[PDB]
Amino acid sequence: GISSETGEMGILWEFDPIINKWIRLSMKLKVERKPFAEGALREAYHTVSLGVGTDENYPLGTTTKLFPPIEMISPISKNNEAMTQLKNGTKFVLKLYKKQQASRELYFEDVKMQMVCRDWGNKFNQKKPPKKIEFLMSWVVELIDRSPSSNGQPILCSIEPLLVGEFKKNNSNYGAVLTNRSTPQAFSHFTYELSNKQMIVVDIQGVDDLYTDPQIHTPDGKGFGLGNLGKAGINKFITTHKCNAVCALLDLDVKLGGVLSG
C-alpha cells in the first residue's frame, strides 16, 4: 500500500520473463536532490520507498503507439517482486539519464535485458560453481509528477536495489578485463557457450558477485539497447578472454569459435 507521507508518484513496471509479460504497478518514492555517483550517461540517486500499489488510478488509454504493447502487459498484477523488495522504508537506487539519446523503448529494453541476465545467473548457479552469482532486479519507473520535457515525453528512469560495499566493474562491453577475478569472466564465457553463441553477457559489475547493469551482445546486433555491439562486441571479448579454473570446472571449451553469420 502507498503511504500518505510526502513523496512523488510513479508508474512502476516489472518484467517477468517466465510469463513473458510486464506487470504494471504504482509506487511513491522520495529521491535525494543530488546524485551520489555517475557513469557515462546516467546518474545514480539514493531513494527511499513510500510503498507500492496498484495502477488502478492511472489508466493506460488506447493501444495505438502504447509501449509496451497491450499484448505484452499482464492483466493481473497481484504477484510481483516489487511489493516485497520495494516495500515502505526500503532504501534503493534510481538512475536518470543526464543532460538523452534515450527513447521510451530503451528504458524497457535495458530493464528486460537485466531480467534476462538474471535468468542466466540462475542457470549458471545450477551448475554448482564455486561462487554463485546473482543479478539484482531492475524496474522502469515513469516519474509522472515531474513535468514533461521540452517535448511532451514523461520523465522516465530505472530503479534497482541498493548495493552495499565496494562496487567494481570486472569487464566492459568492448573487451576490457578490469579485475583479476575468475567468476565474472567464466560467467561471460558460460553465457556464450551455453547459448550456442546466440548471445553473451558482459559489463559484469557490482559488489562481490551481486551484479547489476549488464550488457548483452548478439550476432545480429538487434535489440538489447545501444550497448549491443553485435559480432564486434563478441569478438572483442574473445580476443581478451583467457580461460581460468572456473571455465575448466564448468567444462567450457578453451576454443570459443566463430560468430554466427547474422
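Residue indices: 1-based, along the sequence shown. The term rigid core refers to the most C-alpha atoms you can superpose between the two forms while keeping them within 1.5 Å.
- Put simply, when the other structures in 5 other deposited structures of this protein are lined up on the rigid core, the C-alpha atoms of 151-159 lie farther off than those of the other stretch, from 151-159 and 128-136.
- With 52-60 and 227-235 as candidates, the stretch whose CA atoms show the greater average offset from this form in 5 other deposited structures of this protein after a core fit is 52-60.
- Modelled in this chain, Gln101 is nonetheless unresolved in at least one third of the other entries of the protein that span it on both sides.
- Missing coordinates between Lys99 and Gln100 amount to 1 to 3 residues of the deposited sequence.
- Stretches compared: 83-91, 136-144. Higher mean C-alpha B-factor in the entry: 83-91.
- According to the PDB record, 54-62 carries the higher mean C-alpha B-factor of the two stretches 54-62 and 196-204.
- Between the residues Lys127, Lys112, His189, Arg118, it is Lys127 that shows the highest Cα B-factor in the PDB record.
- Highest C-alpha temperature factor among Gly227, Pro35, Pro219, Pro214 per the entry: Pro35.
- Looking at the C-alpha B-factors along this chain, the one for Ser103 belongs to the highest third.
- Among all modelled residues in its chain, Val254 ranks in the highest third by Cα B-factor.
- The PDB entry assigns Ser158 a C-alpha temperature factor belonging to the lowest third of its chain's modelled residues.
- When all modelled residues of the chain are sorted by CA temperature factor, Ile234 is found within the lowest third.
- Per the PDB record, residue ranking by Cα B-factor puts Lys123 in the lowest third of the chain.
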